[PDB]
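Novice:
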Amino acid sequence: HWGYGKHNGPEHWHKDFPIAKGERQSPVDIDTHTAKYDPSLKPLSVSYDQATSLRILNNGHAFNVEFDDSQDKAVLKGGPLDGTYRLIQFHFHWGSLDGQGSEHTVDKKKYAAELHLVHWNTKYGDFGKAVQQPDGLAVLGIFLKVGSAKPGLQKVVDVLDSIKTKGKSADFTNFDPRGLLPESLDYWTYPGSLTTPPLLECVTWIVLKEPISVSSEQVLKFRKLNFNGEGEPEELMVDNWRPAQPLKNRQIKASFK
Ligand SMILES: O=C(/C=C/c1ccc2c(c1)O[C@@H](c1ccc(O)c(O)c1)[C@@H](C(=O)O)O2)O[C@H](Cc1ccc(O)c(O)c1)C(=O)O
Ligand SMILES: [Zn+2]
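Going by the deposited numbering, the letters in the sequence shown line up with residues 4 to 125, 127 to 261, in that order.
1) Examine the Cβ distances between the stretch 67 to 86 and the stretch 111 to 119 and report whether three or more of them are shorter than 8 Å.
2) Taking the alpha-carbon positions, what's the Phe20 to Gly129 distance?
3) Let me know if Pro215 comes out buried or exposed under the rule of 16 or more other beta-carbons within 10 Å of its beta-carbon.
4) Can you list, in chain order, the residues of its chain whose CB lies under 7 Å from that of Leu148, leaving out five sequence neighbours each side?
5) With contact counted as at least three CB pairs below 8 Å, one residue from each stretch, are the stretch 94 to 106 and the stretch 225 to 243 in contact?
6) Tell me, please, which residues DSSP counts as bridged to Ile91.
7) Figure out for me which residue from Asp165, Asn124, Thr177 and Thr199 has the closest Cα to the Cα of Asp75.
8) Sort out for me which residues DSSP pairs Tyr40 with in a bridge.
9) Are the CB atoms of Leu144 and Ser259 within a distance shorter than 9 Å?
10) Nearest-angstrom Cα distance between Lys24 and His17?
11) How would you call residue 2, buried or exposed, if buried means at least 16 neighbouring beta carbons within 10 angstroms?
12) How is the beta strand (DSSP E) around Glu69 delimited, first residue to last?
13) Using DSSP bridges, identify the partner residues of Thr208.
14) In whole angstroms, what is the alpha-carbon distance linking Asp34 and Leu251?
15) Buried or exposed: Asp32, going by 16 or more other Cβ atoms within 10 Å of its Cβ?
16) Do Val135 and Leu141 count as a contact pair if the criterion is CB distance below 9 Å?
17) Please classify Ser105 as buried or exposed, where buried requires at least 16 other C-beta atoms within 10 Å of its C-beta.
18) Can you tell me whether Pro202 sits near ligand 1, meaning its C-beta is under 8 Å from at least one heavy atom of the ligand?
19) Please find out if some non-hydrogen atom of ligand 2 comes closer than 8 Å to the beta-carbon of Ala134.
20) Kindly indicate which three-state DSSP category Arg182 falls into: helix, strand or coil?
21) Is DSSP giving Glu14 helix, strand or coil here?
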């Protein structure tokens with residue numbers, strides 16, 4: 004029964020998930036002046052041309068756009084990564100107000116939302133085995149600011165009416181995640197965790213410096229989703245972000261400057 008309310012939100016999660024107070028939790032604040040440029044990271048490779056989206060699901064915390072991950076079709080490699088990581092799903096975290104919503108922060112700045120493209124290390129065979137390993141996942145995080153519309157997001161926005169409440173899904177084929185990427189792939193990277201329960205410490209985070217722009221109308225549609233199931237009292241799906249966690253014994257590396 005974890006969630007984002009007062010009685011079940013992030014400050015409570017540790018009771019069911021003690022790793023919430025662990026040594027490599029996410030998100031974190033990215034102190035841009037303290038991140039160090041690492042000239043050895045290798046180039047980062049996002050290869051989404053054969054991506055096969057299948058479905059979109061309201062899971063009661065966010066919505067997931069799910070991909071066919073039964074072959075190497077949409078993969079992330081390079082950068083800090085050893086080997087190849089397959090795209091399984093993406094989702095967002097967002098606020099009730101444009102002044103909050105991101106999980107990572109940049110010099111304490113909160114963005115309106117944050118996109119997570121979730122990938123698992125193919127050496128572990130599937131996602132459920134991967135999440136039990138310290139290098140099991142690579143999550144590409146992309147900040148959203150409110151300004152111009154993102155054309156490549158609109159297909160997602162337009163289907164949300166059909167998945168308003170928890171447990172609803174809809175077919176969502178032929179969606180191209182390349183339409184969600186900024187121009188630059190400059191990034192910060194650090195070892196962390198899932199940002200929702202079970203909070204497993206299995207993620208190499210790759211957080212892009214350049215945000216994408218989405219329109220006020222687009223984010224407003226996100227905020228019409230519901231945490232609740234159909235036929236239950238309406239609770240808008242907003243503020244589904246975990247705040248920054250202590251950095252502890254970690255260094256954030258930059259791919260640039
Ligand atoms: O570890 C797991 C499963 C953990 C898990 C389950 C559901 C999840 C999950 C992890 O990640 C969460 C998640 C995903 C993305 C995020 O950004 C995030 O913050 C949180 C969550 C969600 O989608 O919100 O779903 O299963 C294996 C078994 C097991 C099960 C299945 C298999 O195929 C296998 O080989 C082994 C085991 O229990 O050892
Ligand atoms: Zn996430």
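Yeah, the Cβ is synthetic: ideal placement off N, Cα and C, and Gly gets one too.
Specialist: Result, derived from the coordinates:
1) no
2) 25 Å
3) buried
4) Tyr114, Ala115, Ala116, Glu117, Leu118, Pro215, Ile216 and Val218
5) yes
6) BP columns for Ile91 are empty, so no partner.
7) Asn124
8) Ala258
9) no
10) 7 Å
11) This structure leaves residue 2 out entirely; the chain is present only between 4 and 261.
12) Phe66 to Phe70
13) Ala142 and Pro195
14) 10 Å
15) buried
16) yes
17) buried
18) yes
19) no
20) helix
21) coil
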